[PDB]
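Chemist: Got a structure here, written out as structure tokens. Questions coming.
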Amino acid sequence: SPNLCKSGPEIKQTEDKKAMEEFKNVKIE
Amino acid sequence: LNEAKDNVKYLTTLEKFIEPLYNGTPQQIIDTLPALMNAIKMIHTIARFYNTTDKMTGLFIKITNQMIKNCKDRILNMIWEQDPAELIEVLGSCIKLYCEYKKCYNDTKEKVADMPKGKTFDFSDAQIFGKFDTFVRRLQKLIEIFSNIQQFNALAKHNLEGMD
């Protein structure tokens with residue numbers, strides 16, 4: 001159970017995280 | 001009165017326009033440089049003495065000092081506070097201006113090699129040890145410093161998950 005959820009970064013920052021993954025693509029380039 | 005009126009009447013054919021000192025943009029400094037080095041091609045009808053080849057080299061170092069005055073003026077408005085973007089633009093444009101200066105002054109030095117072919121009687125040895133050499137090395141230092149700063153910004157954004 002300790003690894004259940006972090007409850008702050010996973011929820012609404014996840015779309016920002018996918019944008020950040022696209023940023024990591026721009027970085028790959 | 002005779003010799004001075006003579007020498008001065010031969011210097012008259014100079015097409016001066018104070019573009020560099022009133023430029024505020026690297027594009028203006030550049031298209032100024034073509035303007036000055038195209039007006040300068042009237043080296044020939046000018047008089048031997050006031051247009052002495054060594055005095056021409058002195059006027060060249062003075063043109064470069066005015067150029068570097070304007071360069072510092074435009075750089076004042078600040079790549080060391082502003083982000084990498086204005087640095088990219090200003091560095092690119094200032095390198096373009098330096099290449100323009102180099103090549104148009106190489107054409108003017110083609111004119112300076114035009115001079116002896118008809119005036120081999122006297123020569124003015126190359127006195128290229130001016131402030132412009134030292135500060136062009138300074139500008140090279142700035143170019144390399146800031147370009148490596150540029151590339152390191154992105155590379156550090158790739159390296160360590162702790163960007164900040």
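Just so we're on the same page: first chain in the structure tokens is A, next is B, and so on; residues restart at 1 for each chain, and ligands are numbered from 1 in the order they show up.
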Could you give me, as a ChimeraX atom specification, the residues within 9 Å of residue 147 of chain B, counting only C-alpha atoms and dropping anything in the same chain fewer than 5 positions from it?

Modeler: /B:87-88,91,142,152

Chemist: Would you tabulate, counting only C-alpha atoms, all residues of chain A that have an atom at most 9 Å from an atom of chain B, showing the closest pair of atoms and their distance in Å to one decimal, sorted by chain then ascending number, as a tab-separated table?

Modeler:
```
residue	atom	partner	partner_atom	distance
A:24	CA	B:158	CA	7.7
A:27	CA	B:158	CA	6.1
A:28	CA	B:158	CA	7.9
```

Chemist: Which residues come within 12 Å of segment 97-102 of chain B, counting only C-alpha atoms, excluding same-chain residues fewer than 4 positions away, as JSON, numbers by chain?

Modeler: {"B": [20, 25, 26, 27, 28, 29, 30, 31, 32, 33, 34, 35, 36, 37, 60, 63, 64, 67, 68, 70, 71, 90, 91, 92, 93, 106, 107, 108, 109, 132, 133, 135, 136, 137, 139, 140, 143]}

Chemist: Could the residues in this selection be written to a file with C-alpha atoms, as a short mmCIF file (atom, residue, chain, number, x, y, z; two decimals), in the first residue's frame?

Modeler:
```
data_model
loop_
_atom_site.label_atom_id
_atom_site.label_comp_id
_atom_site.auth_asym_id
_atom_site.auth_seq_id
_atom_site.Cartn_x
_atom_site.Cartn_y
_atom_site.Cartn_z
CA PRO B 20 27.16 54.06 -38.54
CA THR B 25 20.23 47.90 -35.57
CA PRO B 26 22.86 45.44 -36.87
CA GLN B 27 21.11 45.56 -40.25
CA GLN B 28 21.70 49.32 -40.32
CA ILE B 29 25.34 48.88 -39.30
CA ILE B 30 25.79 46.32 -42.08
CA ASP B 31 24.14 48.19 -44.94
CA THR B 32 26.10 51.16 -43.64
CA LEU B 33 29.33 49.24 -44.21
CA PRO B 34 28.58 48.58 -47.94
CA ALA B 35 27.61 52.25 -48.23
CA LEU B 36 30.91 53.47 -46.78
CA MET B 37 33.06 50.96 -48.70
CA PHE B 60 40.61 52.49 -41.74
CA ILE B 63 36.40 53.59 -39.30
CA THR B 64 36.80 50.40 -37.28
CA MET B 67 32.31 50.69 -35.93
CA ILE B 68 33.24 49.32 -32.51
CA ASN B 70 28.47 51.57 -32.57
CA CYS B 71 28.91 47.87 -31.77
CA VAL B 90 22.70 39.45 -31.95
CA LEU B 91 25.59 37.00 -32.22
CA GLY B 92 24.45 35.82 -35.63
CA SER B 93 23.92 39.36 -36.90
CA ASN B 106 39.18 42.94 -48.53
CA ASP B 107 37.72 44.63 -51.61
CA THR B 108 38.99 47.94 -50.24
CA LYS B 109 42.38 46.25 -49.80
CA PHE B 132 40.74 46.40 -33.91
CA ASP B 133 42.83 43.21 -33.85
CA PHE B 135 38.95 43.67 -29.88
CA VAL B 136 38.13 41.40 -32.81
CA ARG B 137 39.85 38.69 -30.78
CA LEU B 139 34.58 39.49 -30.12
CA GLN B 140 35.78 36.01 -31.08
CA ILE B 143 31.23 34.51 -29.92
#
```

Chemist: Would you kindly return, as a list in words, each protein, DNA or RNA residue with an atom no farther than 9 Å from any atom of residue 43 of chain B, considering only C-alpha atoms and excluding same-chain residues fewer than 3 positions away?

Modeler: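 The contact residues come out as residues 11, 13, 14, 40, 46, 47, 51, 111, 112 and 115 of chain B.
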
Chemist: Write a file of the selected residues as a PDB file, in the first residue's frame, keeping N, CA, C and O atoms.

Modeler:
```
ATOM      1  N   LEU B  11      40.678  66.019 -52.304  1.00  0.00           N
ATOM      2  CA  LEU B  11      39.960  65.232 -51.304  1.00  0.00           C
ATOM      3  C   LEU B  11      38.448  65.424 -51.359  1.00  0.00           C
ATOM      4  O   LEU B  11      37.725  64.583 -50.814  1.00  0.00           O
ATOM      5  N   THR B  13      36.084  64.805 -53.282  1.00  0.00           N
ATOM      6  CA  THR B  13      35.258  63.708 -53.790  1.00  0.00           C
ATOM      7  C   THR B  13      35.256  62.552 -52.788  1.00  0.00           C
ATOM      8  O   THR B  13      35.767  61.457 -53.033  1.00  0.00           O
ATOM      9  N   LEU B  14      34.663  62.821 -51.628  1.00  0.00           N
ATOM     10  CA  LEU B  14      34.367  61.805 -50.628  1.00  0.00           C
ATOM     11  C   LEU B  14      32.868  61.830 -50.375  1.00  0.00           C
ATOM     12  O   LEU B  14      32.285  62.903 -50.186  1.00  0.00           O
ATOM     13  N   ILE B  40      33.907  54.773 -50.683  1.00  0.00           N
ATOM     14  CA  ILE B  40      35.351  54.894 -50.543  1.00  0.00           C
ATOM     15  C   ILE B  40      36.080  54.633 -51.852  1.00  0.00           C
ATOM     16  O   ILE B  40      37.195  55.131 -52.028  1.00  0.00           O
ATOM     17  N   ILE B  46      41.560  61.353 -55.457  1.00  0.00           N
ATOM     18  CA  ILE B  46      42.013  62.053 -54.262  1.00  0.00           C
ATOM     19  C   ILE B  46      43.522  62.276 -54.337  1.00  0.00           C
ATOM     20  O   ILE B  46      44.251  61.557 -55.035  1.00  0.00           O
ATOM     21  N   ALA B  47      43.996  63.288 -53.613  1.00  0.00           N
ATOM     22  CA  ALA B  47      45.387  63.706 -53.717  1.00  0.00           C
ATOM     23  C   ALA B  47      46.320  62.753 -52.984  1.00  0.00           C
ATOM     24  O   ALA B  47      45.948  62.137 -51.977  1.00  0.00           O
ATOM     25  N   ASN B  51      45.609  61.569 -49.097  1.00  0.00           N
ATOM     26  CA  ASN B  51      45.241  60.176 -49.312  1.00  0.00           C
ATOM     27  C   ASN B  51      46.455  59.250 -49.293  1.00  0.00           C
ATOM     28  O   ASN B  51      46.467  58.231 -49.995  1.00  0.00           O
ATOM     29  N   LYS B 111      41.557  47.617 -53.561  1.00  0.00           N
ATOM     30  CA  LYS B 111      41.838  48.992 -53.983  1.00  0.00           C
ATOM     31  C   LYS B 111      43.191  49.473 -53.451  1.00  0.00           C
ATOM     32  O   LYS B 111      43.897  50.244 -54.116  1.00  0.00           O
ATOM     33  N   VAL B 112      43.566  49.034 -52.250  1.00  0.00           N
ATOM     34  CA  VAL B 112      44.866  49.372 -51.674  1.00  0.00           C
ATOM     35  C   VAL B 112      46.008  48.675 -52.397  1.00  0.00           C
ATOM     36  O   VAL B 112      47.154  49.121 -52.310  1.00  0.00           O
ATOM     37  N   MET B 115      46.379  50.824 -55.583  1.00  0.00           N
ATOM     38  CA  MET B 115      47.212  52.001 -55.343  1.00  0.00           C
ATOM     39  C   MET B 115      48.672  51.810 -55.750  1.00  0.00           C
ATOM     40  O   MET B 115      49.187  52.640 -56.519  1.00  0.00           O
TER      41      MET B 115
END
```

Chemist: Determine, counting only C-alpha atoms, which protein, DNA and RNA residues have an atom within 12 Å of an atom of residue 128 of chain B; residues of the same chain fewer than 6 positions away are not included. Present the result as a PyMOL selection string.

Modeler: chain B and resi 54+57-58+60-61+134

Chemist: Can you tell me, as JSON, numbers by chain, what residues are no more than 9 Å from residue 50 of chain B when counting only C-alpha atoms, ignoring any on the same chain fewer than 4 positions away?

Modeler: {"B": [7, 8, 10, 11, 46, 55, 56]}

Chemist: Write down as an mmCIF file with N, CA and C atoms, in the first residue's frame the residues of chain A whose backbone DSSP state falls under alpha helix (DSSP H).

Modeler:
```
data_model
loop_
_atom_site.group_PDB
_atom_site.id
_atom_site.type_symbol
_atom_site.label_atom_id
_atom_site.label_comp_id
_atom_site.auth_asym_id
_atom_site.auth_seq_id
_atom_site.Cartn_x
_atom_site.Cartn_y
_atom_site.Cartn_z
ATOM 1 N N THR A 14 -0.515 15.274 -15.195
ATOM 2 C CA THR A 14 -0.173 14.190 -16.111
ATOM 3 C C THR A 14 -0.226 14.642 -17.569
ATOM 4 N N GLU A 15 -1.167 15.522 -17.918
ATOM 5 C CA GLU A 15 -1.154 16.090 -19.260
ATOM 6 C C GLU A 15 0.089 16.946 -19.468
ATOM 7 N N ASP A 16 0.473 17.707 -18.440
ATOM 8 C CA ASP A 16 1.741 18.424 -18.475
ATOM 9 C C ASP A 16 2.910 17.460 -18.628
ATOM 10 N N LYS A 17 2.802 16.272 -18.034
ATOM 11 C CA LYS A 17 3.867 15.285 -18.157
ATOM 12 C C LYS A 17 3.970 14.757 -19.580
ATOM 13 N N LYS A 18 2.833 14.581 -20.248
ATOM 14 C CA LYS A 18 2.871 14.148 -21.642
ATOM 15 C C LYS A 18 3.435 15.244 -22.541
ATOM 16 N N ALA A 19 3.070 16.499 -22.265
ATOM 17 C CA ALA A 19 3.735 17.615 -22.932
ATOM 18 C C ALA A 19 5.237 17.606 -22.658
ATOM 19 N N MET A 20 5.633 17.222 -21.443
ATOM 20 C CA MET A 20 7.049 17.153 -21.096
ATOM 21 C C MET A 20 7.741 16.024 -21.849
ATOM 22 N N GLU A 21 7.025 14.932 -22.096
ATOM 23 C CA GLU A 21 7.567 13.856 -22.917
ATOM 24 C C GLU A 21 7.792 14.332 -24.349
ATOM 25 N N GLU A 22 6.843 15.099 -24.885
ATOM 26 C CA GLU A 22 7.053 15.710 -26.197
ATOM 27 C C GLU A 22 8.236 16.677 -26.176
ATOM 28 N N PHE A 23 8.423 17.384 -25.061
ATOM 29 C CA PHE A 23 9.620 18.203 -24.893
ATOM 30 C C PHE A 23 10.875 17.342 -24.934
ATOM 31 N N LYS A 24 10.837 16.180 -24.284
ATOM 32 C CA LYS A 24 11.973 15.267 -24.342
ATOM 33 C C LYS A 24 12.217 14.796 -25.769
ATOM 34 N N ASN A 25 11.170 14.767 -26.592
ATOM 35 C CA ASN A 25 11.377 14.488 -28.014
ATOM 36 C C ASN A 25 12.126 15.626 -28.691
ATOM 37 N N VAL A 26 11.656 16.858 -28.487
ATOM 38 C CA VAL A 26 12.369 18.023 -29.012
ATOM 39 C C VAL A 26 13.814 18.018 -28.526
ATOM 40 N N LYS A 27 14.041 17.460 -27.338
ATOM 41 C CA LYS A 27 15.392 17.310 -26.806
ATOM 42 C C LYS A 27 16.172 16.258 -27.581
ATOM 43 N N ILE A 28 15.548 15.103 -27.831
ATOM 44 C CA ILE A 28 16.129 14.069 -28.678
ATOM 45 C C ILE A 28 16.581 14.655 -30.003
#
```

Chemist: To one decimal place in Å, what is the distance between atom CA of residue 123 of chain B and atom CA of residue 16 of chain B?

Modeler: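 Pair atom CA of residue 123 of chain B / atom CA of residue 16 of chain B returns 26.3 Å.
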
Chemist: What gap, in Å, lies between atom CA of residue 105 of chain B and atom CA of residue 52 of chain B?

Modeler: 17.2 Å
